[PDB]
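Everything below concerns the one structure shown next.
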Amino acid sequence: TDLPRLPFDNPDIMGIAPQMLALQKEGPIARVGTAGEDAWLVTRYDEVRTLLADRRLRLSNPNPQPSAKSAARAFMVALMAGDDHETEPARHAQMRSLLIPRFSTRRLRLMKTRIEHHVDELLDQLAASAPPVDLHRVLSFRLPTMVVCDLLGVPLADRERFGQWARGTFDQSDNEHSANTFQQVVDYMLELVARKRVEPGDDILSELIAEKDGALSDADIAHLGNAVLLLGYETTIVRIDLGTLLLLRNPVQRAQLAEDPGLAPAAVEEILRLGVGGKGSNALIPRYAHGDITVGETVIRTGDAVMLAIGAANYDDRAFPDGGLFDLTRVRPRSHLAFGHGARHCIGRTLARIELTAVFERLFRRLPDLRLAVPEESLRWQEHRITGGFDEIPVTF
Ligand code: HEM
Ligand SMILES: CC1(C)C[C@H]2C=C(C(=O)O)[C@@H]3COC(=O)[C@]4(CO4)[C@]23C1
């Protein structure tokens, strides 16, 4: 008897920690320690998917004496309208109602075209440069920040101002840095709302300003803009890096994709499913029980914390035969959980899929000799950031 303690060690730079796969083999749910509260850890696909659709399991904390959180986690929960369990139903419903129509089929088709041209240009710049090159700086970082500039209607150079703010806001190791970074985001967004009130364009804040004959306050609109800025590029950057690394590890699949770029949607779904970095603390969706819930033989009690391991569930052999293998020829794969499921299902997921498809349609056809310029083991996953990620990806080609 030894209580498992999150985060678990992972001897590889990607994948699922061995201890978490061991727990998955024993059963769907286990009690574990963490750096803070103890929590229920749910690791099997069926149970994670069921619990993500359970309205009794919510982001907000219902407890009278709530455990202390990092500034970074507090900001993340507040951006997601989860900071007050009594107002979360109305506030979260409004948040999704206001953001979902900002990603319309008209907008996504226009952005798909612009994204494809931008990838072409980014890869031409890359191909013309002298290796070794940092792929993270010149490709992974550049496409999703371009997209956020487009969503917000700001000059592309603005991403040189805001490009580190998601990392800084979500730095769990430094509350002062987290809070100072978030104030920069807030000031920038309030400036942007005031500009869009007199100079609107085809962009998200302009649409929110016009919503309900201007019924929303500038603070309400800036709040939603802050969610788009802080959630809308960093995780996509991380998936471009993880997808590149996964494809570099699987040369037979990589050659399949280079030969037939029509395999890119299937590759993107495998990248999302398998793309887990380091100790994988970002591949856990946190919840609190607002009512008692039974999982198998186990009772989750009102007030308990729950970690839904979407990463482990996406590796679950019960849901994906040979679940640890990258295979873009899977026939009718189950829907992975990398965008979540249920009430808080990723709002940007169709846009994120368009970005990743445009990149991986092109990458290995444009740079067939691309490969790491350093050992994989030298790549360092940043455990202190809620969103993890690598800081650099040196390549040659
Ligand atoms: C590959 C990139 C991405 C991944 C892997 C990802 C993953 C996720 C996951 C797992 C959730 C659910 C969190 C939870 O249930 O607690 C989520 C929510 C969310 N995502 Fe994404 N995301 C990505 C890209 C984006 C983009 C590009 C946008 C917008 C431009 C975006 C906007 C949001 C928002 C606003 C939420 C909160 C939804 C809610 O709380 O109702 N995400 N994302
Ligand atoms: C809103 C989020 C940025 C989406 C989710 C994906 C993430 C990631 O891939 O890094 C974030 C990690 O931390 C979380 O609590 C998550 C898992 O819900 C995320 C919050």
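Following the order of the structure tokens, first chain is A, next is B, and so on, with residues numbered from 1 inside each chain and ligands from 1 in the order they appear.
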Dump the neighbourhood of ligand 2 as a ChimeraX atom specification: all residues within 7 Å, distances computed on only C-alpha atoms and all ligand atoms. /A:231,235,282-286,386-388
Hey, what's within 9 Å of residue 182 of chain A if we count only C-alpha atoms and toss same-chain stuff fewer than 6 positions away? As an MDAnalysis selection string, please? chainID A and resid 75 165:166 168:170
For the residues in that selection, give me N, CA and C atoms as an mmCIF file, in the first residue's frame.
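That gives us again37.cif:
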data_model
loop_
_atom_site.group_PDB
_atom_site.id
_atom_site.type_symbol
_atom_site.label_atom_id
_atom_site.label_comp_id
_atom_site.auth_asym_id
_atom_site.auth_seq_id
_atom_site.Cartn_x
_atom_site.Cartn_y
_atom_site.Cartn_z
ATOM 1 N N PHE A 75 -6.584 32.288 -12.251
ATOM 2 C CA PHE A 75 -6.891 33.037 -13.473
ATOM 3 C C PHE A 75 -7.557 32.146 -14.509
ATOM 4 N N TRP A 165 2.399 35.752 -23.113
ATOM 5 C CA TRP A 165 1.508 36.074 -22.000
ATOM 6 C C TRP A 165 0.710 34.871 -21.516
ATOM 7 N N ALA A 166 0.405 33.903 -22.387
ATOM 8 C CA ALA A 166 -0.273 32.700 -21.903
ATOM 9 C C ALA A 166 0.646 31.904 -20.986
ATOM 10 N N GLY A 168 3.219 33.126 -19.242
ATOM 11 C CA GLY A 168 3.441 33.868 -18.002
ATOM 12 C C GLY A 168 2.233 33.861 -17.080
ATOM 13 N N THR A 169 1.033 34.048 -17.643
ATOM 14 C CA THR A 169 -0.181 33.980 -16.836
ATOM 15 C C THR A 169 -0.340 32.607 -16.195
ATOM 16 N N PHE A 170 0.032 31.548 -16.912
ATOM 17 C CA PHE A 170 -0.182 30.189 -16.430
ATOM 18 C C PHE A 170 1.079 29.565 -15.837
#
Compile the contact shell of residue 366 of chain A as a VMD selection string: residues with an atom at most 10 Å away, counting only C-alpha atoms, same-chain residues fewer than 6 positions apart removed. chain A and resid 120 123 to 124 126 to 127 258
Quick one: write out the picked residues with N, CA and C atoms as a CSV table (one decimal), in the first residue's frame?
chain,number,residue,atom,x,y,z
A,120,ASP,N,2.4,28.1,-46.1
A,120,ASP,CA,3.2,28.1,-47.3
A,120,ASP,C,4.4,29.1,-47.1
A,123,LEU,N,6.9,28.1,-44.3
A,123,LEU,CA,7.7,27.0,-44.8
A,123,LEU,C,8.7,27.4,-45.8
A,124,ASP,N,8.3,28.3,-46.7
A,124,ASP,CA,9.3,28.9,-47.6
A,124,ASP,C,10.5,29.6,-46.9
A,126,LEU,N,11.4,29.0,-43.8
A,126,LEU,CA,12.2,27.9,-43.1
A,126,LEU,C,13.1,27.2,-44.1
A,127,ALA,N,12.5,26.8,-45.3
A,127,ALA,CA,13.3,26.0,-46.3
A,127,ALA,C,14.5,26.9,-46.8
A,258,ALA,N,3.6,12.3,-46.4
A,258,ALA,CA,4.3,13.1,-47.4
A,258,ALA,C,3.8,12.7,-48.8
If you run DSSP on the backbone, which residues of segment 75-275 of chain A are alpha helix (DSSP H), as a PyMOL selection string? chain A and resi 75-79+88-99+105-127+135+142-152+159-162+165-169+175-198+204-210+218-231+234-249+251-259+264-274
Counting only C-alpha atoms, the residue among A:218, A:37, A:150, A:322 that lies closest to residue 189 of chain A is A:218
List all protein, DNA and RNA residues that have an atom no more than 7 Å from any atom of ligand 1, counting only C-alpha atoms and all ligand atoms, and report them as a PyMOL selection string. chain A and resi 59+80+92+96+148+227-228+231-233+235-236+239+272+285-286+338-341+343-349+351-353
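Residues in contact range of residue 30 of chain A, defined as at most 9 Å between only C-alpha atoms, with sequence neighbours fewer than 5 positions away removed, read residues 4, 23, 24, 39, 40, 41, 42, 43 and 298 of chain A.
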How would the residues just chosen look if you wrote them out with C-alpha atoms as an mmCIF file, in the first residue's frame?
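Wrote it out as out-v8.cif, contents follow:
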data_model
loop_
_atom_site.group_PDB
_atom_site.id
_atom_site.type_symbol
_atom_site.label_atom_id
_atom_site.label_comp_id
_atom_site.auth_asym_id
_atom_site.auth_seq_id
_atom_site.Cartn_x
_atom_site.Cartn_y
_atom_site.Cartn_z
ATOM 1 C CA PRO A 4 0.265 7.287 -5.770
ATOM 2 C CA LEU A 23 -3.450 2.367 -12.521
ATOM 3 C CA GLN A 24 -5.450 2.203 -15.761
ATOM 4 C CA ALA A 39 -8.246 13.571 -5.748
ATOM 5 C CA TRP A 40 -9.954 10.790 -7.657
ATOM 6 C CA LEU A 41 -7.963 9.905 -10.789
ATOM 7 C CA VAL A 42 -10.060 8.472 -13.645
ATOM 8 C CA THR A 43 -7.965 6.940 -16.421
ATOM 9 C CA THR A 298 -16.406 3.813 -6.071
#
What separation in Å, quoted to one decimal, exists between atom CA of residue 133 of chain A and atom CA of residue 229 of chain A? 26.8 Å
Spatial neighbours of residue 289 of chain A, max dist 9 Å, only C-alpha atoms, sep filter under 3 positions, as a list in words: residues 56, 57, 58, 59, 61, 62, 292, 293, 300, 301, 302, 303, 304, 305 and 306 of chain A
Go ahead and save the picked residues with N, CA and C atoms, as a compact mmCIF listing (two decimals), in the first residue's frame.
# COMPACT_ATOMS: atom_id res chain seq x y z
N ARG A 56 -23.20 16.84 -12.74
CA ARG A 56 -22.84 16.94 -11.33
C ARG A 56 -21.35 17.21 -11.13
N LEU A 57 -20.54 16.99 -12.16
CA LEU A 57 -19.10 17.19 -12.10
C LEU A 57 -18.78 18.51 -12.79
N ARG A 58 -18.30 19.50 -12.03
CA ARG A 58 -18.17 20.86 -12.56
C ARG A 58 -16.78 21.41 -12.30
N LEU A 59 -16.46 22.49 -13.01
CA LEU A 59 -15.16 23.15 -12.84
C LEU A 59 -15.08 23.87 -11.50
N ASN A 61 -15.45 25.11 -7.59
CA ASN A 61 -15.30 24.41 -6.32
C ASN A 61 -16.47 24.73 -5.40
N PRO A 62 -17.24 23.73 -4.95
CA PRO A 62 -18.40 23.99 -4.09
C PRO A 62 -18.09 24.06 -2.61
N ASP A 292 -23.07 13.54 -5.28
CA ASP A 292 -22.47 12.21 -5.22
C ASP A 292 -22.60 11.52 -6.58
N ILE A 293 -21.54 10.82 -6.97
CA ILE A 293 -21.47 10.12 -8.25
C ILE A 293 -20.79 8.78 -8.02
N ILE A 300 -17.83 8.84 -5.54
CA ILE A 300 -17.33 10.20 -5.45
C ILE A 300 -18.35 11.02 -4.67
N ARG A 301 -17.89 11.67 -3.60
CA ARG A 301 -18.75 12.45 -2.73
C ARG A 301 -18.75 13.91 -3.12
N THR A 302 -19.89 14.57 -2.89
CA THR A 302 -19.99 16.01 -3.08
C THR A 302 -18.81 16.69 -2.42
N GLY A 303 -18.11 17.53 -3.18
CA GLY A 303 -16.95 18.23 -2.69
C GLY A 303 -15.62 17.63 -3.10
N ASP A 304 -15.60 16.37 -3.54
CA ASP A 304 -14.32 15.74 -3.89
C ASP A 304 -13.75 16.33 -5.18
N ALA A 305 -12.43 16.40 -5.25
CA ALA A 305 -11.76 16.77 -6.49
C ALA A 305 -11.61 15.54 -7.37
N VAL A 306 -11.68 15.76 -8.68
CA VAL A 306 -11.60 14.67 -9.65
C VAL A 306 -10.67 15.12 -10.77
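Closest approach to residue 192 of chain A among A:226, A:335, A:173, A:104: A:226, based on only C-alpha atoms.
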